Amino acid sequence: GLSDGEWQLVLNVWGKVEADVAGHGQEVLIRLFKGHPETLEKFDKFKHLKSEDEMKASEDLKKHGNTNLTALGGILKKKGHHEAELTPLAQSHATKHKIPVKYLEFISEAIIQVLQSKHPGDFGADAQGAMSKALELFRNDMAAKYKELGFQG
Ligand code: HEM
């Protein structure tokens with residue numbers, strides 16, 4: 001639902017994530033978890049992390065943050081025409097991971113805050129609004145897939 005110009009602003013700021021996927025991923029998860037503690041309960045592998053210092057040392061957290069943004073990236077790059085990339089994610093998150101649409105809103109917030117915290121200079125008003133739209137489109141399509149699979153959108 002983005003203009004070609006909005007996609008270009010998205011992909012340009014995503015270029016900065018691609019220069020350090022894992023560090024960005026780590027910081028999004030830690031923002032997510034510190035901001036919304038209940039989200040951490042969906043990760044059996046990350047219970048034992050009782051502080052931001054434990055989260056920061058966790059090599060598995062960092063790997064997972066890398067896996068997560070690499071997938072998000074694959075989606076963003078398709079600029080809307082992302083059905084093939086989006087389905088497997090909606091499938092696994094609607095079924096095996098039991099991730100509610102609302103949590104998708106929290107991680108979208110955390111993504112924006114990380115971008116804003118690491119790249120304040122490049123993440124101006126126009127880039128912010130385009131990234132918000134792109135994440136909103138991702139959330140909306142995930143929710144439409146969940147409802148088609150028989151789950152809550
Ligand atoms: C930008 C949104 C998200 C993206 C792109 C994303 C991506 C991924 C990917 C690529 C995987 C690995 C393959 C799979 O199982 O599908 C995964 C696994 C997983 N995701 Fe997500 N995810 C997102 C949001 C979330 C949120 C918000 C939660 C919890 C609140 C979550 C919980 C999980 C869990 C629990 C797993 C399995 C982890 C394990 O190996 O123990 N995801 N995610």
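Nothing fancy with the numbering, it's 1 onward along the sequence. Just so you know, ligand 1 is whichever comes first in the structure, and atom 1 is the first atom listed for that ligand.
Taking atom 39 (C) of ligand 1 as the reference point, the nearest protein heavy-atom neighbour is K45 CD, 4.6 Å. Among protein heavy atoms, the minimum distance from atom 27 (C) of ligand 1 is reached at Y103 O, 3.6 Å.
Protein heavy atoms are found less than 4.0 angstrom from atom 33 (C) of ligand 1. Checking atom 23 (C) of ligand 1 against the protein gives a heavy-atom contact under 4.0 Å.
More than 12 heavy atoms of other residues, nucleotides or ligands shown are found within 6.0 angstrom of NZ on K47. Heavy atoms from other residues, nucleotides or ligands lying under 6.0 Å from NZ of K42 number more than 12. Counted within 6.0 Å of CD on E38, heavy atoms from surrounding residues, nucleotides or ligands total more than 12; the atom is thus considered enclosed.
Note: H24 and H119 have parallel aromatic rings, judged against thresholds of 30 and 60 degrees for the angle between ring planes. Taking the six-membered ring where the residue is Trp, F151 and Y146 present perpendicular rings, their angle passing 60° and hence far from 30°.
Taking every heavy atom of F138 and a limit of under 4.0 angstrom, the matching atoms of ligand 1 come to 1 (C), 2 (C). Listed by atom number, the atoms of ligand 1 under 4.0 Å from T67 heavy atoms are 10 (C), 12 (C). Using a 4.0 Å cut-off to heavy atoms of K42, the atoms of ligand 1 that qualify are 35 (C).
Contacts between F106 and ligand 1, counted as non-hydrogen atom pairs separated by less than 4.0 Å, are absent for every part of the residue.
By the side-chain hydrogen bond (donor to acceptor under 3.5 Å, both in side chains) test, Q26 pairs with no residue at all, sequence neighbours left out. For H82, the side-chain hydrogen bond (donor to acceptor under 3.5 Å, both in side chains) partners are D141, not counting sequence neighbours. Shown here are the side-chain hydrogen bond (donor to acceptor under 3.5 Å, both in side chains) partners of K118, two or more places apart in sequence or in another chain: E27.
The distance cut-off of 2.8 Å around atom 21 (Fe) of ligand 1 captures these protein N, O or S atoms, sorted by chain and number: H93 NE2.
Ring centroids of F43 and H64 are separated by less than 6.0 Å, placing the two rings close together.
Nearest heavy-atom pair, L137 versus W7, reported as atom, atom and distance to 0.1 Å: CD2-CZ2, 3.9 Å.
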